[PDB]
Amino acid sequence: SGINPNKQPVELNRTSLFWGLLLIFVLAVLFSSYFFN
Amino acid sequence: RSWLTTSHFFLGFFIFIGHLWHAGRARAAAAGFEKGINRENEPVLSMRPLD
Amino acid sequence: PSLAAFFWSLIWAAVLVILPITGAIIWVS
Amino acid sequence: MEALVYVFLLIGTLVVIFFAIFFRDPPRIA
Amino acid sequence: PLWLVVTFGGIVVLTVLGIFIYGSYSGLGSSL
Amino acid sequence: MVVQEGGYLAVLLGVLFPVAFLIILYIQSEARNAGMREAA
Amino acid sequence: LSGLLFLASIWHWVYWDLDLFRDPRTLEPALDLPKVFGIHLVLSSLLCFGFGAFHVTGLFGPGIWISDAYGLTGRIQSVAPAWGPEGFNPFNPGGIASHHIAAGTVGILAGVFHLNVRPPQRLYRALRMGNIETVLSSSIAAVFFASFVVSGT
Amino acid sequence: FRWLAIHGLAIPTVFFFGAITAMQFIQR
Amino acid sequence: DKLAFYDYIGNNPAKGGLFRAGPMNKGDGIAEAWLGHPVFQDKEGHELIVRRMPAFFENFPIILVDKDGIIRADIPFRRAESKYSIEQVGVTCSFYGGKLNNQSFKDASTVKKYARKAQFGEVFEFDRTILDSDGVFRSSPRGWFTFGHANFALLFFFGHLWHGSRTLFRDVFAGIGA
Amino acid sequence: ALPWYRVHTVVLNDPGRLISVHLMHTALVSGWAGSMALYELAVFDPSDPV
Amino acid sequence: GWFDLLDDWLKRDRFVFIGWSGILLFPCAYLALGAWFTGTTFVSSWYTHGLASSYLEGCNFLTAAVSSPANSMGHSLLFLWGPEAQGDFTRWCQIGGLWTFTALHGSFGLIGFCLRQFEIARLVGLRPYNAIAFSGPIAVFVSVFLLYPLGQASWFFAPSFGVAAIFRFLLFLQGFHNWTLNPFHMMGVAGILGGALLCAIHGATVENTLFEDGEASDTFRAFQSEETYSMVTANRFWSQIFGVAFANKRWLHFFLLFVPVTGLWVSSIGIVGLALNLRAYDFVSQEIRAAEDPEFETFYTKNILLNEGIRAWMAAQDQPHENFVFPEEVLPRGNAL
Amino acid sequence: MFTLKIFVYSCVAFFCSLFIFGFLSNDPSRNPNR
Amino acid sequence: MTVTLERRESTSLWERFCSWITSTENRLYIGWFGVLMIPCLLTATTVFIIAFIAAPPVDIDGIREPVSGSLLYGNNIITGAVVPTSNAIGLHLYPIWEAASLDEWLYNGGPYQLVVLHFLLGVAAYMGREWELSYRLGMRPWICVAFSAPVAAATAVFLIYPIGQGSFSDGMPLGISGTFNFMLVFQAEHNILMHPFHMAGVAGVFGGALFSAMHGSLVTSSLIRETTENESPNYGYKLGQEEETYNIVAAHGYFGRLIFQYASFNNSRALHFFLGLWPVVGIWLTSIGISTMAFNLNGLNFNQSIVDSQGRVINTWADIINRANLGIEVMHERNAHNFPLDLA
Amino acid sequence: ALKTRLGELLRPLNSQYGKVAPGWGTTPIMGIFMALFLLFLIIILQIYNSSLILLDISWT
Ligand code: CLA
Ligand code: CLA
Ligand code: CLA
Ligand code: CLA
Ligand code: CLA
Ligand SMILES: CCCCCCCCCCCCCCCC(=O)OC[C@H](COP(=O)(O)OC[C@@H](O)CO)OC(=O)CCCCCCCCCCCCCCC
Ligand SMILES: CC1=C(/C=C/C(C)=C/C=C/C(C)=C/C=C/C=C(C)/C=C/C=C(C)/C=C/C2=C(C)CCCC2(C)C)C(C)(C)CCC1
Ligand SMILES: CC1=C(/C=C/C(C)=C/C=C/C(C)=C/C=C/C=C(C)/C=C/C=C(C)/C=C/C2=C(C)CCCC2(C)C)C(C)(C)CCC1
Ligand SMILES: [Cl-]
Ligand SMILES: [Fe+3]
């Protein structure tokens, strides 16, 4: 079918990268202690 | 002993706060920027960026 | 008796929900 | 040896912080 | 005078509060 | 210490699946960014 | 089923530009959400009535899990609908049957209405019935309502 | 609505204040 | 055995833990036998009942109480100056029905044993080798379902607020003007 | 460009791909049902209903 | 039109805005607040908890409350016309109808206030972020004052509307649920403390990067589209002090929206968990280790002991309907104490 | 143990001296309005 | 001849050193306060990390019953902690060189004392440093006051309370679970919940979060349309711009209609001052509460305050909370007490 | 766009986009049914909650 006009690029600045890494790793810390039990 | 010690800790504490406040304001008033940053002489704008 | 209390609750509620309603209408014209 | 995992996660967080500080993209004035 | 009204009212309020504080030392709730 | 083994998986999978996610986005973001900054 | 839905998903992703989604007067993507709601409501209500009248009653179906008051003799059994007030007893299996039946029927009726009568202009403007995200909002509302209900039961 | 609100809060406040004072003098 | 099994606190869905993973059999084990109903009696012949553990309590003091709710026996924390120990009061336990049917216990050790176990409701046999049970109570599918769906419902309350907001405020969701 | 959250908005004005995406979600859910059933059956013990 | 005239009148610019939302909000808000005052002043809790609960009895502001209904009432809505009070206002207050009154009217009040935020936002023409942010507090009230008791035995174990009563609810959830150990609560604490941190640091930063827009030492009077403080100077300062600083005002203000609100939501997840006694009470590994090894001790196990103490002693007084009798020989305690 | 004490004492005296004599070196003149 | 002596000292070596130290061109500012801060915080951090991971159990209550706090000794993130020094030591200075060996030092809880002292020093120096950079950049100097609140809290739980109680073993443990333990025991022995200063603290943090969410929601609500649809509205602001990025009047108006007209702020400076002031004062008071309770001026005691005509006690909620307090009291440190009254 | 047989068959079902009824149309009726619905939900709630006793809400 034809070329889709609803396609849009996705952005992620370095600040969001660092905030994401921080969020994931910190969440990991916490719940890690609860997952091992 | 409890009354004296607690009361004077309270006093000494807030008095220290006052010390920080007035020392800071003393420096700022001496140097001349205790009322705000000079819109025509903003120090940061005359500085090389950090990175 | 509980059903009668429910119906009566609906009655009092209807009265005191018509009170604000009609109040608003009278100050509307 | 869950201690390994805990140490790993902590080191991960601290590394993320380090790069967040010394490898940030510099703010640029308008 | 507005300031006199505020002063009088304030004194009244503080008096009622003072009565409550007194009430903590007398009657019910005083451990007596 | 008797711990729940699945934890290992959980943690790692958890941690690594968004991490990768982020990295993917970031780098392509920057690529596009560069392109647009270049042709300007 | 998962596999078939997967392939179908691929197809609908590839061939997105169907004429069915275009508006004849503007050549713009448009969905008549009220009438769509009519159709979907007819489907859902019909399936509801069917499930209540055949699957649960045992008229043409297995039935429902029923047990004694102390859960000792549980088995799948045909359930007769309870039309009286006792059907609103959460512990009475009959209710289930009747419910669906009744609900189904009413739903069907509603369907008819929603299939024939256009929405009031003031309601169309208020609820933004030209925007699909309002359908999203309402649906989400209904869904968490139902979730609280099943959590409770 | 100004009257209704202001009085709605103020009238019971005074009522209650009187009550509580009276309580200050209730003996065991 | 089924009915007696229903009257056991280990099958109470309000005795589990959020991070205690697995089936209920991972806790107490796989139910082997009903031991039968333990009846406790003092030297006067009073029928003593062990105070059942409420769902709130992770642990509970062992107290044997009579028909009038009066303390006749217990297991003392502090031993000295105690006056309700089974070694002192003299209590017996006799099982009716189940595997231990018509067996009587008069020795303090065994009576105390069956008393703790008794605070948990009816007593059963358990296989805790097959799944390496850790000896801590877990919730039922009922509990997990209720938890998951209650929280999902709450979160979806937010979702509803957010999308409703985006719908009604579509014209300004990128900012406002003058 | 789109921030990562808002990614899924690219389907809002595309009925066909909205349907496609819903089909994908549905496929995943039913697939989960089947898989879960298989796992449970693989671990279930039917030797004592009591 | 009739409805249009109603709308026109309701949305008039008064000293206190009303609106449709006002139709819901003001009655319920008024009744909830009033019920709290009425209860804390006159009504007792002698027949529900065996406690004095009002000023009339000798309570002060700290120890007075509108306590939860009797445990025997279950999850009864406790209508005044209900089959429990049967119209009798006195018996209604003695049962604990004021609690359900306050709770329900308070709930619908919260609904009305959020709807008020939405309505005013739409009328003025703003983005509805205030209402969302307020979805936070709502989640707290719904989870703690409604969901938690609904999961438990009865309304009796819901928080009682009062200072010391709330304190009791706290220590109760600690001793029985080990609520501090719950990660969701930890996220909540992160949200609140983080929120207070953000409030303080933003306030201080803006106040101390102000531009000299006057001659007076009173910088308040000297305040337009121009920023009243130097964002660049702030950025520089916190970059050299903390290593990282804000650069985008919009992101900043969203962030100090996001942190506390998220805190509240998470802790709410936790509380639902506790409604079903689905607790984060124990670490099985350490319990097993400690069971086998009498020399192994952590602060976790110490707190477990603390919980056990709390539970015994308070158990007897906090749940009078249970008729708990704990002989002084079975009460857990250490040496000497 | 004594050598450790000597070390730590040396460090503390060093940084303390730098602090004191550092803040005595006309610190109020260290401002952007000078 | 006025106030400041505006003068220099001609490219001397010591002057060059003072210049580099006080340089505003450094990525991280290193003032004189930093000359104190950096070594202290580094020593503290190193010892903390190493101990949190591998330190042997510590006899915290001096009763020869070592508590395990490190990861390599059976702890996880939540239960792991740096165990406070021994009660046998009390408030005695216990540096490494006063122990016969590092092993003894580890057994008696030396790490805790070291870390606590160094941390408090370095954090005070951090406060001073905030002032210092503010001065170097020509700012108003009252950020360090705001930060003085948290410093006061830390000082309260790590130094003052041990001083009042006579032992660092009563200082807050450097760990999560240990913190909870500290809180519970504190409640048992001071009834901190019934202390008005702690109530003030709760007002400070609850109110702080409230005003944070409120300010945030208001400003986010009144953002001026500078961005396209589906694009991040944050892109509608640029660092250093002079034009305001939101409609302040619209926000003030919204807030004015939400409650009433005169409840809203018009002066942004006043608003932000309030935002800074509320939580800082709250925390100030709570810190004072922790220290003054460190000298046993405890929370309000209403135990058996209500009596009936016959003379029998009618319990209130304070009595119940007293029951919980009793539970904690009788249960804590089970083997530490030999006598009926807990005076230490 | 692509025309298909199924699409052509389903075409009239999606052709009345935007078509509305003047004014309030059927709003009052809808409001009536809504009030009735609220009454229903409240009724079954009170039945379940045992605030409305008719029929015992125990395991039958
Ligand atoms: C150094 C100060 C000090 C100390 C240690 C004491 C100690 C004592 N006084 Mg005394 N007193 C003082 C000052 C002091 N007083 C002053 C200045 C006056 C004049 C008003 C009095 C008048 C006085 C009388 C008339 C009586 C006492 C009594 C007593 C005894 C019991 C106290 C009591 O119940 O406290 C009650 C404690 C409080 C009410 C706490 C006050 C709350 C504080 C101030 C905090 C609130 C401020 C707020 C937080 C600040 C905001 C911060 C802002 C910067 C942001 C005790 C020995 C009594 C006694 O037994 O004597 C025989 C008695 O009858 N005192
Ligand atoms: C919509 C609600 C609903 C639901 C959830 C159920 C659920 C159920 N019904 Mg039921 N039923 C309903 C409505 C419903 N019914 C209605 C309205 C009626 C009206 C008459 C009936 C009549 C009915 C009868 C008469 C019977 C059932 C049965 C069943 C059970 C087994 C059926 C099943 O799992 O299908 C699941 C089906 C799917 C998930 C669809 C999968 C589609 C794939 C393509 C199937 C093809 C498989 C094939 C081997 C591979 C093909 C390869 C491909 C290339 C073509 C199940 C509990 C049976 C039962 O309980 O037996 C004990 C039974 O005998 N029902
Ligand atoms: C929400 C619906 C739901 C519900 C109620 C259940 C319920 C159940 N499942 Mg199940 N499951 C589900 C969905 C669900 N499942 C899905 C979608 C899958 C596919 C992955 C599975 C796969 C699955 C398996 C493979 C097994 C179960 C099992 C079980 C049973 C015990 C589970 C247990 O102990 O919980 C454990 C629960 C937790 C530890 C809670 C997790 C902690 C919460 C969610 C916080 C996490 C947030 C955090 C930010 C994320 C991690 C951080 C990360 C960055 C590191 C129970 C009946 C077991 C069973 O049947 O026994 C044979 C089993 O072995 N489930
Ligand atoms: C709790 C707070 C709350 C808030 C702020 C909102 C906010 C919103 N909702 Mg909403 N909603 C809520 C709860 C809430 N909802 C609940 C609990 C449900 C049930 C699942 C719904 C179902 C719902 C639907 C279906 C729709 C909305 C819509 C909307 C939007 C338009 C305003 C509207 O219709 O409000 C409605 C608010 C009310 C009607 C207030 C409730 C007042 C009731 C009738 C009081 C009666 C109680 C009774 C007398 C006493 C009970 C006794 C009992 C204890 C026995 C707006 C974003 C619409 C939307 O987004 O479209 C774009 C939309 O279509 N909502
Ligand atoms: C009924 C289901 C439903 C649907 C169809 C949508 C659809 C949408 N939401 Mg939405 N939402 C929902 C429920 C739903 N929401 C609920 C219940 C909440 C409350 C938590 C929200 C809160 C919410 C916010 C706050 C936002 C959206 C946004 C959006 C849009 C973009 C989403 C996107 O790309 O995600 C992107 C997601 C990712 C790239 C991955 C993140 C995944 C997270 C970390 C966990 C996901 C769970 C896991 C993967 C699977 C578990 C599924 C679970 C349901 C069991 C889209 C229109 C955004 C929007 O408005 O855009 C314009 C937006 O900002 N939603
Ligand atoms: C000697 C000096 C020592 C200084 C102390 C060290 C400070 C370290 C600070 C690290 C900050 C990392 C930020 C990453 C994320 C990042 O790089 O963000 C960068 C970000 C820049 O924001 P912009 O305004 O440039 O964003 C504009 C757009 O990108 C928004 O989408 O800064 C902030 O958002 C302010 C909030 C930072 C405050 C975060 C506090 C978190 C504390 C750490 C919690 C976990 C600790 C775990 C320990 C085990
Ligand atoms: C194609 C095809 C086919 C096939 C199909 C199939 C093979 C399907 C499958 C399907 C499936 C097989 C599905 C599944 C699904 C699953 C799911 C949906 C799950 C989910 C889950 C989740 C998502 C979670 C996760 C997690 C956890 C919980 C842990 C860790 C972390 C994480 C997050 C990872 C056939 C031949 C038939 C036919 C047609 C064609
Ligand atoms: C329940 C109910 C109801 C209701 C009623 C009401 C609504 C009431 C109200 C009531 C009220 C409405 C009351 C009020 C009160 C008030 C008060 C009691 C006040 C107090 C005050 C004070 C105490 C003060 C304080 C202060 C301040 C403000 C600040 C400064 C300081 C001071 C301290 C001065 C009805 C009949 C409908 C129905 C039935 C049920
Ligand atoms: Cl002693
Ligand atoms: Fe601001």
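No value in this document is a laboratory result; all are computed from the given coordinates. For neighbour counting, all protein chains shown are included, and Cβ atoms are generated from backbone atoms with ideal geometry for every residue, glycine included.
Overview of values
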{"read-out": "The stretch G:34-67: number of residues that are among the hydroxyl-bearing types (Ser, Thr, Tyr) and under 25 Å from residue G:112 (Cα atoms)", "value": "2"}
{"read-out": "Some residue of the stretch N:41-58 being more than 25 Å from the chain's Cα centre (by Cα) and either acidic (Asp, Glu) or outside any loop (DSSP other than H, G, I, E, B) (or both)", "value": "yes"}
{"read-out": "Test: residue in the stretch M:191-208 that is closer than 30 Å to residue M:88 by Cβ and not acidic (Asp, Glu)", "value": "yes"}
{"read-out": "Helices (runs of 4 or more DSSP H) enclosed by the stretch M:234-337 - at least 1 residues per element that are under 30 Å from residue A:11 (Cβ atoms)", "value": "M:248-258"}
{"read-out": "Flag if residue J:28 is within 16 Å of ligand 4 (Cβ to nearest atom) and within 8 Å of another protein chain (Cβ to nearest Cβ)", "value": "no"}
{"read-out": "Residue K:124 being surrounded by fewer than 22 Cβ atoms within 10 Å (Cβ to Cβ) and farther than 30 Å from residue M:248 by Cα", "value": "no"}
{"read-out": "Matching entry among M:327, M:256 (being over 21 Å from the mean Cα position of the chain (by Cα) and closer than 30 Å to residue K:119 by Cα)", "value": "M:256"}
{"read-out": "Restricting chain A to residues that are within 20 Å of residue J:10 (Cβ to Cβ) and of a type in the set (A, V, I, L, M), the residue that is nearest to ligand 3 (Cβ to nearest atom)", "value": "A:12"}
{"read-out": "Lone unmet requirement of (1) closer than 30 Å to residue K:262 by Cα; (2) within 14 Å of chain M (Cβ to nearest Cβ) for residue I:157", "value": "(2)"}
{"read-out": "Test result for residue K:239, closer than 27 Å to residue K:130 by Cα, polar (S, T, N, Q) and either within 16 Å of ligand 9 (Cβ to nearest atom) or buried (at least 23 other Cβ atoms within 10 Å of the Cβ) (or both)", "value": "no"}
{"read-out": "Extreme residue, farthest from ligand 4 (Cβ to nearest atom), among residues of chain F that are out of contact with any helix residue (DSSP H, G or I) (no Cβ under 7 Å at 6 or more places or on another chain), under 30 Å from residue A:31 (Cβ atoms) and within 7 Å of chain A (Cβ to nearest Cβ)", "value": "F:29"}
{"read-out": "Residue check for residue K:62: within 8 Å of another protein chain (Cβ to nearest Cβ), surrounded by fewer than 23 Cβ atoms within 10 Å (Cβ to Cβ), of a type outside the set (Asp, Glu) and more than 23 Å from residue M:254 (Cα to Cα)", "value": "yes"}
{"read-out": "Hits in the stretch G:104-120 (condition: surrounded by 15 or more Cβ atoms within 10 Å (Cβ to Cβ) and not basic (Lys, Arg))", "value": "G:104, G:105, G:107, G:108, G:110, G:111, G:114, G:115, G:119, G:120"}
{"read-out": "Sole exception among (1) within 7 Å of another protein chain (Cβ to nearest Cβ); (2) over 30 Å from residue K:217 (Cβ atoms) for residue M:240, by number", "value": "(2)"}
{"read-out": "Selected residue (only one of J:33, J:27 is surrounded by fewer than 16 Cβ atoms within 10 Å (Cβ to Cβ), more than 13 Å from ligand 5 (Cβ to nearest atom) and either part of a helix (DSSP H, G or I) or of a type outside the set (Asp, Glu) (or both))", "value": "J:33"}
{"read-out": "From the options K:54, K:76, K:44, residue that is within 10 Å of another protein chain (Cβ to nearest Cβ), closer than 24 Å to residue K:148 by Cβ and crowded, with 17+ Cβ neighbours inside 10 Å", "value": "K:76"}
{"read-out": "Residue in the stretch M:121-144 that is within 16 Å of ligand 1 (Cβ to nearest atom), within 11 Å of another protein chain (Cβ to nearest Cβ), assigned to a helix (DSSP H, G or I) and aliphatic (A, V, I, L, M) present", "value": "no"}
{"read-out": "Options G:143, G:106, G:56; residue that is within 14 Å of chain N (Cβ to nearest Cβ) and away from ligand 10 (no atom under 16 Å from the Cβ)", "value": "G:106"}
{"read-out": "Odd one out for residue M:220 among (1) within 14 Å of chain I (Cβ to nearest Cβ); (2) surrounded by fewer than 22 Cβ atoms within 10 Å (Cβ to Cβ); (3) of a type in the set (S, T, N, Q); (4) in a helix (DSSP H, G or I)", "value": "(2)"}
{"read-out": "Complete set of residues in the stretch M:34-76 that are among the β-branched types (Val, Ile, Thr) and over 17 Å from residue K:289 (Cα atoms)", "value": "M:35, M:38, M:43, M:45, M:46, M:47, M:49, M:50, M:53, M:58, M:60, M:63"}
{"read-out": "Entirely in the stretch G:88-153, the helices (runs of 4 or more DSSP H) that have 2 or more residues that are more than 16 Å from ligand 9 (Cβ to nearest atom) and closer than 29 Å to residue I:140 by Cα", "value": "G:93-116, G:132-152"}
{"read-out": "Residue count for the stretch M:245-260, restricted to those that are of a type outside the set (A, V, I, L, M) and either within 16 Å of ligand 2 (Cβ to nearest atom) or at the interface with chain K (Cβ under 7 Å from one of its Cβ atoms) (or both)", "value": "5"}
{"read-out": "Selected residue [assigned to a helix (DSSP H, G or I), surrounded by fewer than 20 Cβ atoms within 10 Å (Cβ to Cβ) and within 10 Å of chain M (Cβ to nearest Cβ)] from K:220, K:255", "value": "K:255"}
{"read-out": "Of all residues making up the stretch K:39-97, the number that are part of a helix (DSSP H, G or I), among the polar types (S, T, N, Q) and within 25 Å of residue C:4 (Cβ to Cβ)", "value": "3"}
{"read-out": "Those residues of the stretch K:259-285 which are away from chain M (no Cβ under 14 Å) and under 28 Å from residue M:207 (Cβ atoms), in sequence order", "value": "K:268, K:269, K:270, K:271, K:272, K:273, K:274, K:275"}
{"read-out": "Any chance residue J:16 is surrounded by 14 or more Cβ atoms within 10 Å (Cβ to Cβ), within 15 Å of ligand 7 (Cβ to nearest atom) and facing chain G (nearest Cβ under 7 Å)", "value": "no"}
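For (1) part of a loop (DSSP other than H, G, I, E, B); (2) surrounded by fewer than 19 Cβ atoms within 10 Å (Cβ to Cβ); (3) away from ligand 9 (no atom under 16 Å from the Cβ); (4) under 26 Å from the mean Cα position of the chain (by Cα), each residue gets a yes or a no:
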{"site": "K:286", "(1), (2), (3), (4)": "no, no, yes, no"}
{"site": "K:303", "(1), (2), (3), (4)": "no, no, yes, yes"}
{"site": "K:306", "(1), (2), (3), (4)": "no, no, yes, yes"}
{"site": "K:316", "(1), (2), (3), (4)": "no, yes, yes, no"}
{"site": "K:321", "(1), (2), (3), (4)": "no, yes, yes, no"}
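Each row is one residue, and each column tells you yes or no for (1) away from ligand 1 (no atom under 16 Å from the Cβ); (2) more than 7 Å from every other protein chain (Cβ to nearest Cβ); (3) at positive phi; (4) among the hydroxyl-bearing types (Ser, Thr, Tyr).
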| residue | (1), (2), (3), (4) |
| --- | --- |
| M:297 | no, no, no, no |
| M:303 | yes, yes, no, no |
| M:309 | yes, no, no, yes |
| M:317 | yes, no, no, no |
